[PDB]
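Here is the structure we will look at, set down as structure tokens.
All chains are identified by letter, namely A, B, C, D, E and F, in their written order; residue positions are counted from 1 within each chain.
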């Protein structure tokens, strides 16, 4: 007996190899990431988080791509040179092992992930999606 | 305060519009699909469901693509030919509107989805993902 | 559903004295889990007129025929049951660490064999900090150990 | 600080008649030693609510 | 003893027993002295099958 | 600051050779 686990926690594609996608987190109130590979890696691989605003022409269409300032917790030893959020898939992650992560302070209406420059070859081998937690409406 | 929801119901890519992807469901005991269209469709699109088996050579790589047996319930009155799990995305489904479903009886080791013959062209504008749930692993 | 403490971290790393600071180690895991229960069902029929004017009771026989078939099938599934709608057994999921014994020679050939070294080595190689541990083996396998012979002929 | 007898040493041996060679012999050492002690010093922090 | 036709010197347990019982018991009770490695040497001997 | 959390999906099957002492052979 498996419940219809699609009528809550509904996921969407975020990085299908070579294409980013805005995924609306407006209604929902919590969300994370699930990094899973499809092949072996070569070097490290980073990723750049972004966010967008409802365009003035239509309040339901993507606007520009603004980054997300990385808010630190306690016990942080390093902050990215620009202070913008960034997630990196460590080297030696076998392609049968899912990784999980999330940004600790939401802002905007939807999220976007993209490979950091100079690290877009391995980026193809990665597949990223985003699940949700709440409804609020 | 958004919980890391990657762990505790992660998600994976099942149909990225171009090629299918088998998603392991052995370690989890519940699962479901979250459909999402990227553009306006033309005609009613249906999807065939498949379940796989562990290859005799390597026990955690895909085998062949066996076809899930459809099973009715109390008030099922329009079973298709001989029974095979095949969901149909109806028309009049605009974007930013996700629909979700699942298969009642799990079997095999993992599932794969593929466009039915006659709807592959339309299916190039849809995305399907799965969000497993909880289990022991 | 139940929790499973995966691993502890490490915090207290030695450091030199003359410094008024510390170092944040890494934390552990909790790994909340779940699990289901599966059903066992089936049906049979009799015939009103046949069963009635019959040699003796057939019904109560089928009752006992179900409780035992359920009894033996459950235990059999509990050991080797494939995950789908059956409890995943400890034989086939291959999660237990499994050893294997290397063969011996005979007349130049090389045949797989099970010597007395193995059973003494196998049972005595089990982490002494997990507590005692019983073993299981089929009656014939123990009948193999009993009738073992050395070079001369003694038992 | 503790002390460690390195060795004892010999003391001139068994002369029947005076040849006057092994008078004083050679004695051993006492070898004062020392030793310190070390310490762990770790920390950790939760905020207030993810703990509550 | 002839180790594959080489005649190396040897000392095996049969020698020790035959040496200590040969003492003529008319002299009294006698004690044997030896270096502790020799006693270790005796205690580690092996017969051709492998036993101690 | 993202806290990556990673598990493996399929555990590879293991097989350890339970080697034992060979038969006693003299040194000589």
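Here is the rule we go by: contacts are C-beta pairs under 8 Å (C-beta built on N, C-alpha and C of every residue); 3 or more make two chains touch, one makes a residue touch a chain.
Here's who's who by UniProt: A, B = Virion-associated protein.
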Chains in simultaneous contact with chain B and chain C: A, F
Most distant chain from chain B by Cα centroid: E
By number of C-beta contact pairs, the top two chains: A-B
Centroid distance [mean C-alpha coordinates] between chain C and chain A, Å: 41
Length of the line joining the C-alpha centres of chain C and chain E, rounded to whole Å: 54
Cα-centroid distance, chain D relative to chain E, in whole angstrom: 43
Of all residues in chain D, the ones touching two or more other chains: 43-45
Touching two or more other chains - residue numbers and ranges from chain A: 1, 33, 73, 75, 96, 98-104
Residue numbers of chain F (touch at least two other chains): 3, 5, 7, 9-11, 13
Interface residues, chain D side, partner chain A - complex: 43-47
In the complex, chain C residues that touch chain B: 1, 31-36, 83-85, 94
Residue ranges of chain F in contact with chain B within the complex: 3, 5, 7, 9-13
Chain B residues touching chain C - in the complex, by the definition given at the top: 7-8, 26, 29, 59, 105-109, 133-137
Residue ranges of chain F in contact with chain C within the complex: 5, 11, 13-21
